[PDB]
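Enquirer: Residue numbering for the sequence shown follows the deposited numbering, beginning at 1 and increasing consecutively.
Here a beta-carbon is modelled for each residue, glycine too, at the ideal position from N, C-alpha and C.
Can you keep this structure in mind? I'll have questions shortly.
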Amino acid sequence: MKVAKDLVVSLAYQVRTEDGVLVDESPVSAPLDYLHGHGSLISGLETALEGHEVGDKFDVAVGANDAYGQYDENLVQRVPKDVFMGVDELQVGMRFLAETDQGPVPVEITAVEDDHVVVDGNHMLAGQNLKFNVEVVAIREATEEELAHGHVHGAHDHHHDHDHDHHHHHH
């Protein structure tokens, strides 16, 4: 069975930016629990997750418009033109990958002053894409209650495991 609406699934994803830096993560040990087609997480991910079945693993790239990654003014700064020695001509409207304190940062020049240029990683609303490495743990058709409420009805465990056994389970 594949992931679709009113089905509920537990998936394990890792979200990092185009810069390479990790922002958040749901481990394979404990998934993100959500009811699909209800808007449980973000915009781009659910639809990307769709069609897949448990065990599928792949990285997804969704723009900040449909994911996280909203405007951050810490991502905009003024860099001395000297650093961009390899660049042809530091002009406004120019896009290039820039190596920075924070790794390679895909920015666009919005101005070029006397000695430094102005680049903002946030273009339209932000624009930077996020990369999610998704690991769909399980998929289940919901119990109606989950649908009626709009989310999972018994996802969070009270310990870790229940069926711990040290006997001969085969008989």
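1) Less than 8 Å separating the beta-carbons of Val-136 and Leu-35?
2) Ordered along the chain, which non-local residues of its own chain (more than five positions away) have a Cβ less than 6 Å from that of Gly-103?
3) Fully enclosed by the segment 109-157, which alpha helix (DSSP H) runs are 4 residues long or longer?
4) Taking all protein chains shown into account, do 16 or more other C-beta atoms lie within 10 angstroms of the C-beta of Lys-57, making it buried, or fewer, making it exposed?
5) So the beta strand (DSSP E) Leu-22 belongs to, where does it begin and stop?
6) For the alpha helix (DSSP H) containing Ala-4, name the first residue and the last one.
7) Once you ignore the five residues that flank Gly-44 on each side, which residues in its own chain have a CB closer than 6 Å to its CB?
8) Short of 6 Å in beta carbon distance, which residues of its chain neighbour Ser-10, apart from the five on each side in sequence? Order them along the chain.
9) Return the CA-CA distance between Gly-86 and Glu-99, expressed in angstroms with no decimal places.
10) At 4 residues or longer, what runs of the alpha helix (DSSP H) sit wholly inside the segment 29-60?
11) Give me the residue from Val-118, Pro-80, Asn-129 with the minimum Cα distance to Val-92.
Expert: In short, the structure shows the following:
1) Residue numbering aside, residue 136 sits at position 136 when the sequence shown is read from its first letter. Residue numbering aside, residue 35 sits at position 35 when the sequence shown is read from its first letter. In this structure, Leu-35 does not lie closer than 8 Å to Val-136 by Cβ.
2) To locate residue 103, count along the sequence shown from 1; it is residue 103. Excluding sequence neighbours, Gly-103 sits near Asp-19, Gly-20.
3) Along the length of the segment 109-157, whole alpha helix (DSSP H) runs at least 4 residues long occupy 145-149, reported in chain order.
4) As a position in the sequence shown, residue 57 is number 57, starting the count at 1. With a 10 Å radius around the Cβ and a threshold of 16 neighbouring Cβ atoms, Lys-57 comes out exposed.
5) Here the question's residue 22 lines up with position 22 in the sequence shown. First-last of the beta strand (DSSP E) with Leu-22: 22-25.
6) Residue mapping note: residue 4 aligns to position 4 of the sequence shown, counting from 1. Per DSSP, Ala-4 lies in no alpha helix (DSSP H) and is assigned neither H nor E.
7) Here the question's residue 44 lines up with position 44 in the sequence shown. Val-62, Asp-66, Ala-67.
8) Start at 1 with the first residue of the sequence shown, and residue 10 comes out as number 10. Within the same chain, Cβ atoms closer than 6 Å to the Cβ of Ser-10 are found at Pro-31, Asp-33, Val-137, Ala-138, the five residues on either side in sequence being excluded.
9) Here residue 86 refers to the residue found at position 86 of the sequence shown. Here residue 99 refers to the residue found at position 99 of the sequence shown. Approximately 11 Å between the Cα atoms of the pair.
10) For the segment 29-60, whole alpha helix (DSSP H) runs of length 4 or above, ordered along the chain, are 44-49.
11) Within the sequence shown, numbered from 1, the residue matching residue 92 stands at position 92. Closest by alpha carbon: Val-118.
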